[PDB]
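Protein chains in written order, with the deposited numbering: chain h, 1 to 25; chain a, 2 to 99; chain O, 11 to 137; chain N, 2 to 151; chain b, 2 to 82; chain B, 2 to 9, 19 to 233.
Where is the CB? At the ideal position from N, CA and C, for every residue including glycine.
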Amino acid sequence: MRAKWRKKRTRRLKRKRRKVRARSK
Amino acid sequence: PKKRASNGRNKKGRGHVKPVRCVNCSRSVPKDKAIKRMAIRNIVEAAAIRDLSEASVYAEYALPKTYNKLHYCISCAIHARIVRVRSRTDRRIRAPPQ
Amino acid sequence: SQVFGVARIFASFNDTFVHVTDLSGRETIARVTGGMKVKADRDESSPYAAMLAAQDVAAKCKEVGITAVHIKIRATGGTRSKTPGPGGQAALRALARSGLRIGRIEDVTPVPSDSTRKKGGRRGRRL
Amino acid sequence: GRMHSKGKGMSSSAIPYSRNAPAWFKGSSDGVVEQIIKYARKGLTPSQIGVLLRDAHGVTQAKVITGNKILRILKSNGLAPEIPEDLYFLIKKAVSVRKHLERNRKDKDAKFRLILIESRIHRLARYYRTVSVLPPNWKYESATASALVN
Amino acid sequence: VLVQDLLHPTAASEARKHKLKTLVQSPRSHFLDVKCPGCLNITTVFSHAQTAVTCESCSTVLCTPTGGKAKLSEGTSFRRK
Amino acid sequence: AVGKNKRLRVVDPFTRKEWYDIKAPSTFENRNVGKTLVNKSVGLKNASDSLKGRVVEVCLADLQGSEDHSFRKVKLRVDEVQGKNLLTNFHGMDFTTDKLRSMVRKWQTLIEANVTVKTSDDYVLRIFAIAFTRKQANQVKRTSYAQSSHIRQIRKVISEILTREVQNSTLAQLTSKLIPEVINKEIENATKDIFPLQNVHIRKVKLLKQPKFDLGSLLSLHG
RNA sequence: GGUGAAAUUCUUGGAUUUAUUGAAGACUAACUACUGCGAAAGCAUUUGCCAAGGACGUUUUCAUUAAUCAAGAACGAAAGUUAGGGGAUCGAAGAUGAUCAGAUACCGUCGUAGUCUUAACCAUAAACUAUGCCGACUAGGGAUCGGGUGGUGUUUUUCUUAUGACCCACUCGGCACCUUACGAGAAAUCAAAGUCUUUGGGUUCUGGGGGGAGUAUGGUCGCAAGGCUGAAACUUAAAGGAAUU
Ligand SMILES: [Mg+2]
Ligand SMILES: [Mg+2]
Ligand SMILES: [Mg+2]
Ligand SMILES: [Mg+2]
Ligand SMILES: [Mg+2]
Ligand SMILES: [Mg+2]
Ligand SMILES: [Mg+2]
Ligand SMILES: [Mg+2]
Ligand SMILES: [Mg+2]
Ligand SMILES: [Mg+2]
Ligand SMILES: [Mg+2]
Ligand SMILES: [Mg+2]
Ligand SMILES: [Mg+2]
Ligand SMILES: [Mg+2]
Ligand SMILES: [Mg+2]
Ligand SMILES: [Mg+2]
Ligand SMILES: [Mg+2]
Ligand SMILES: [Mg+2]
Ligand SMILES: [Zn+2]
Ligand SMILES: [Zn+2]
Numbered sequence: 001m002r003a004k005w006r007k008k009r010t011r012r013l014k015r016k017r018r019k020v021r022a023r024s025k
Numbered sequence: 002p003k004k005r006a007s008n009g010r011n012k013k014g015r016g017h018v019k020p021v022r023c024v025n026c027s028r029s030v031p032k033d034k035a036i037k038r039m040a041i042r043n044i045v046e047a048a049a050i051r052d053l054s055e056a057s058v059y060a061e062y063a064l065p066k067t068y069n070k071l072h073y074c075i076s077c078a079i080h081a082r083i084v085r086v087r088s089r090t091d092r093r094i095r096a097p098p099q
Numbered sequence: 011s012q013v014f015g016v017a018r019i020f021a022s023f024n025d026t027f028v029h030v031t032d033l034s035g036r037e038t039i040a041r042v043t044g045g046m047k048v049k050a051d052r053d054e055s056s057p058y059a060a061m062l063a064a065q066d067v068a069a070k071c072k073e074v075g076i077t078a079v080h081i082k083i084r085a086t087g088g089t090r091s092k093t094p095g096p097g098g099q100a101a102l103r104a105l106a107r108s109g110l111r112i113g114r115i116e117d118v119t120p121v122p123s124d125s126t127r128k129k130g131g132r133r134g135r136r137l
Numbered sequence: 002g003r004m005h006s007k008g009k010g011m012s013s014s015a016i017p018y019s020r021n022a023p024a025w026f027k028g029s030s031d032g033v034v035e036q037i038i039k040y041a042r043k044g045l046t047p048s049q050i051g052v053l054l055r056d057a058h059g060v061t062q063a064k065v066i067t068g069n070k071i072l073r074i075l076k077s078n079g080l081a082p083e084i085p086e087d088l089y090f091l092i093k094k095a096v097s098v099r100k101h102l103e104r105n106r107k108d109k110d111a112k113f114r115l116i117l118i119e120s121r122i123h124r125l126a127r128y129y130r131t132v133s134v135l136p137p138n139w140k141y142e143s144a145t146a147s148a149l150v151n
Numbered sequence: 002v003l004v005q006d007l008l009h010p011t012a013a014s015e016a017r018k019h020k021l022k023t024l025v026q027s028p029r030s031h032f033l034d035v036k037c038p039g040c041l042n043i044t045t046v047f048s049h050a051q052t053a054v055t056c057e058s059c060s061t062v063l064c065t066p067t068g069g070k071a072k073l074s075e076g077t078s079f080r081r082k
Numbered sequence: 002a003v004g005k006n007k008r009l019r020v021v022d023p024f025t026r027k028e029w030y031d032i033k034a035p036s037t038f039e040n041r042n043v044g045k046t047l048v049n050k051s052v053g054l055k056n057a058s059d060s061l062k063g064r065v066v067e068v069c070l071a072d073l074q075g076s077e078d079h080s081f082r083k084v085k086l087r088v089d090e091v092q093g094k095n096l097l098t099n100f101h102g103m104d105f106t107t108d109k110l111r112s113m114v115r116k117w118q119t120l121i122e123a124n125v126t127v128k129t130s131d132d133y134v135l136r137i138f139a140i141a142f143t144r145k146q147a148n149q150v151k152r153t154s155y156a157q158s159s160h161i162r163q164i165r166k167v168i169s170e171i172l173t174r175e176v177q178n179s180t181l182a183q184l185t186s187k188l189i190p191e192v193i194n195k196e197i198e199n200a201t202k203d204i205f206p207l208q209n210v211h212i213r214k215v216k217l218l219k220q221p222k223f224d225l226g227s228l229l230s231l232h233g
């Protein structure tokens, strides 16, 4: 996997995580 | 490692050189990493000149040349044999062959 | 002694034009394109087609009375190509060898003083 | 090798060996002093005066002929300005830049330059305070700076 | 190279070398006795002016400033001090 | 040719047409140019109506004889229809691409100058200039660029010259002046102080705005 | 039209093409270079105004005012974010025609957002010379740009001219380059990446096997996207660099 793609994936994951956190709040 | 001390570009003292598009495939390439071949072709092909002359009103006529500078992205150049792969020892020669 | 017209060859990398007009360039005397003569679609540009077109044009010219032409050679120009198509030279040759008279030949390709953006994107036509 | 740019130049005046007055020069030190005083009265900065001396008259350097530097002489007579010359010049320059900025806002290069100038001024101010040429509280701002200039 | 007398070099070589970079620093500039074509007065003009130096009695402009060495006003005649 | 479109008797239109005669202004040598072809005058919509305004762009060598004028080109606007003859006026001077490009050599600065100016009539002309920097016959330096200040000065001078030369007399007069390249020579003479200079040409004269029509004046350029 | 070949699409209410023109927004070809300038990002049409700046010249002036910097500031490509104006081209998404076993990929045709701008934000790029800044010294060689000197040197010519442009020689400052290293280095290579086991000119920052991970968490800054800061458990004998046949 390209590093850039990995980074992108991570970012995507983090968005979801953020959303989850917001929901929890 | 560095394949080229020039980085294959020719800028150094600059910072950003504006890109020119490729004449073959439009691959946007910096104006220095550009491979510039200036083609002075005659407007009429070498074999078809005589006929033209025969046709022409006013004998002893100029017959002009067409002028254009061509910009090849390096890959394209490589493909089209404008440039060739050279040995490590003779990559260094900056002087044109002719 | 002579009757003059404007030959107006426009040869793109696909499909080629011949277009005889008067000296004013407003009124027309036969167009005839490479796609008219050969119906094989890829052969719109090929020299043979161009030659055929030129021949056709010549006949028309003869019929009208235009003994002589000035040729304006043209590529697609602007953002596109700039290099003349394969069926311009052929067309010219055909014109020459029809008994028709020649003189004053120029490139009229629409060269920009730097233009709008070219088609293809950053990485261009990746084949 | 320069203080705010990448510049590396070495262009400078090179003072001759002999402290003594040049052999060809006549006149008098007193005369020179008088001339200097006159110049000061007229309303010139030390450097300008020095330049004038060099050009119109036979004066190589004032310290070579009189025994004293021009600024010192000015001070002695009671003519040395409220603000030291270089500092004043710097302030003036800064003010011009500020004025320009006031007029046109998007000039980012100009803004950058202004900062540099300000820094330089601050440095100079600090130096002066240490030497106690300026009163030990003297600060540089905007309106105040303008006032000083004008 | 290798062995030199660095203390007293050839005069020509010294001349060639930049002012400052010489053995002891000394100016390349000099002073001039300027005679204006009209009145009989001698003014001592520095060769690298900056200011448009006039005669002390009459306004005539003897020298105009340039990059380095100042230019004399044609009718004027000088003598190196 | 086999592919057909969706597309959602008076054959040979040249039998519906007549030939005319392109008459150039008295400024040139070969005063008649060639043939122009127009439709026959139908009652309301005459032949002379759709003629006055037409531009015929012709080679300057084919008006003067000499082929040292081959690179130059002239636009001629049809104005007065005599009956068979049609009288033109100067519309625009041009350089052919094959000389303009030829003269743009690498390793020397090209100096390009613009100006818009009124004639002694009311003709608004935009006239252009090209000048190149010369390797002065003595040079070892493989370039010969001019400094920017010098270039600017040259441009200014050129502009001044152009202003002097237009504003003073008719468009016909201007054309006359132009044909044996006097203006270029003058420019060269002027600029020998600032920088050597070479291949000085007024390339491109563009007409922008003309006065009324004034038939008499036009006529006075023929006969 | 388009293409490797096609098809999509537009077309006898007349496409394409030809000629004059007009509007709109882009961009600034050729000239354009182992050339310029700027702190970097960056910056090529003309002219004017507005300040700024390096180098040079200087027998001008101040006289240690300096070098580098944790705190703090200023700018900061492109995308992206608000809200206006603009919206020609090109075009993430989308449609959509092919190609393929598949092909919401490359190729083709359209095409919102964006591309341009005005007020804000954002603070990152292979933001690269992957070479921190200031200073000294060591080796030749031509170039070239900026300035300055000396040439009864060439040309210009309006008679001396006087400039200007060249020509030669020297000189500071710059972008580089060529050959040797007697020095370095793992080597590729390097006039610095040299003057280091013959180890100390001054300083700021950063790294300490590979993964986990630029992740988790806590701060903090962002309207948001995100940025700056930044672990550990556990895991592993290699990951890597330059060269070789
Ligand atoms: Mg590799
Ligand atoms: Mg620089
Ligand atoms: Mg960059
Ligand atoms: Mg390929
Ligand atoms: Mg220094
Ligand atoms: Mg500092
Ligand atoms: Mg049509
Ligand atoms: Mg330049
Ligand atoms: Mg341009
Ligand atoms: Mg900090
Ligand atoms: Mg943007
Ligand atoms: Mg898609
Ligand atoms: Mg599909
Ligand atoms: Mg596509
Ligand atoms: Mg970073
Ligand atoms: Mg880095
Ligand atoms: Mg580790
Ligand atoms: Mg390897
Ligand atoms: Zn390409
Ligand atoms: Zn006098």
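### Message
Measuring only the C-alpha atoms, how far is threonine 65 of chain b from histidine 211 of chain B?
### Response
Near 38 Å, if we compare the C-alpha coordinates of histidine 211 of chain B and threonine 65 of chain b.
### Query
What do you reckon, is the C-beta of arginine 26 of chain B under 7 Å from a heavy atom of ligand 19?
no
### Message
Could you tell me the alpha carbon to alpha carbon distance between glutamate 198 of chain B and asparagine 209 of chain B, rounded to whole angstroms?
### Response
Each residue's Cα considered, the two are about 9 Å apart.
### Query
Checking contacts by CB at 8 Å: is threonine 77 of chain b closer than that to chain N?
no
### Query
Across which residues does DSSP place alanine 24 of chain N in a beta bridge pair?
Its beta-bridge partners do not exist; DSSP assigns none.
### Contact with chain a by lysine 82 of chain O, beta-carbon distance below 8 Å
no
### Query
Just checking, does the segment 71-79 of chain a make contact with the segment 111-119 of chain B on the three C-beta pairs under 8 Å criterion?
no
### Query
How many Å lie between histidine 80 of chain O and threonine 67 of chain b at the Cα?
59 Å
### Task
For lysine 82 of chain O, count neighbouring C-beta atoms within 10 Å of its own C-beta (all shown protein chains included) and say buried if the count is 16 or more, exposed if not.
buried
### Query
Is DSSP giving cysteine 40 of chain b helix, strand or coil here?
coil
### Task
Determine the burial state of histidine 49 of chain b: buried for a count of at least 16 other Cβ atoms within 10 Å of its Cβ, exposed for fewer.
buried
### Task
Let me have the residue list for ligand 2: C-beta closer than 7 Å to any non-hydrogen atom, ordered along the chain.
a:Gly14, N:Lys7
#### Entry: Member of b:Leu21, b:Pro28, b:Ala16, b:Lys22 whose CA lies at the smallest distance from the CA of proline 17 of chain N
b:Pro28
### Query
Would the beta-carbon of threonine 89 of chain O fall within 8 Å of that of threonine 126 of chain O?
yes
### Status (buried if at least 16 other CB within 10 Å, exposed otherwise) for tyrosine 128 of chain N
exposed
#### Entry: Sub-8 Å separation of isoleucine 122 of chain N and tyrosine 141 of chain N beta-carbons
yes
### Query
Any idea what DSSP makes of residue 228 of chain N, helix, strand or coil?
The first residue shown for chain N is 2 and the last is 151, placing residue 228 of chain N beyond what the model contains.
### Task
May I ask you to check if the CB of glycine 131 of chain O is nearer than 7 Å to at least one heavy atom of ligand 3?
Relative to ligand 3, the beta carbon of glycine 131 of chain O is positioned no closer than 7 Å to any heavy atom.
### Query
Roughly how many whole angstroms lie between the Cα atoms of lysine 25 of chain h and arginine 17 of chain h?
12 Å
### Message
Do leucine 73 of chain B and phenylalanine 38 of chain B count as a contact pair if the criterion is CB distance below 8 Å?
### Response
yes
### Query
Looking at the unbroken beta strand (DSSP E) that takes in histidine 80 of chain O, where does it start and where does it end?
78-84
### Task
Could you tell me whether the segment 161-168 of chain B touches the segment 118-127 of chain B, where touching means 3 or more Cβ pairs closer than 8 Å?
yes
### Task
Enumerate, from N- to C-terminal direction, the unbroken alpha helix (DSSP H) stretches of 4 or more residues contained entirely within the segment 12-86 of chain O.
44-47, 57-74
### Message
ligand 3 and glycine 9 of chain a: does the residue's C-beta get closer than 7 Å to at least one heavy atom of that ligand?
### Response
no
### Task
Quick one: residues in its chain with C-beta nearer than 6 Å to the C-beta of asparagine 40 of chain B, no 5 flanking neighbours on either side, listed in chain order?
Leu73
### Query
Mind checking if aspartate 108 of chain B is an interface residue toward chain a, Cβ cutoff 8 Å exclusive?
yes
### Query
When we look at the beta-carbon of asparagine 42 of chain B and count the other beta-carbons within 10 Å, is it buried (16 or more) or exposed?
exposed
### Query
Checking contacts by CB at 8 Å: is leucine 225 of chain B closer than that to chain O?
Not one chain O Cβ lies under 8 Å of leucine 225 of chain B.
### Task
Answer with buried or exposed for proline 82 of chain N, where buried requires no fewer than 16 other C-beta atoms within 10 angstroms of its C-beta.
exposed
### Message
Just list the residues that DSSP pairs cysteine 59 of chain b with in beta bridges.
### Response
According to DSSP, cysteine 59 of chain b bridges with nothing at all.
### Query
Leaving out the 5 sequence neighbours to the left and right, which residues in its chain are closer than 8 Å to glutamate 90 of chain B when beta-carbon positions are compared?
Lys62, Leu96, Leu97, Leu225, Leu228, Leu229
### Message
List, from N- to C-terminal side, the beta strand (DSSP E) runs of 3 residues or more that fit wholly inside the segment 88-163 of chain B.
### Response
95-105, 120-128, 134-142
### chain O residues whose Cβ lies nearer than 7 Å to that of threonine 119 of chain B
Those within 7 Å of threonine 119 of chain B in chain O number zero; the least Cβ separation is about 17 Å.
### Message
Applying the 10 Å Cβ sphere with the 16-neighbour rule, what's the burial state of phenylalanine 223 of chain B?
### Response
exposed
### Assigned secondary structure, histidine 72 of chain a (DSSP; H/G/I helix, E/B strand, else coil)
strand
### Query
DSSP three-state call for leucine 53 of chain a: helix, strand or coil?
In the three-state reduction of the DSSP assignment, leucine 53 of chain a falls in the helix class.
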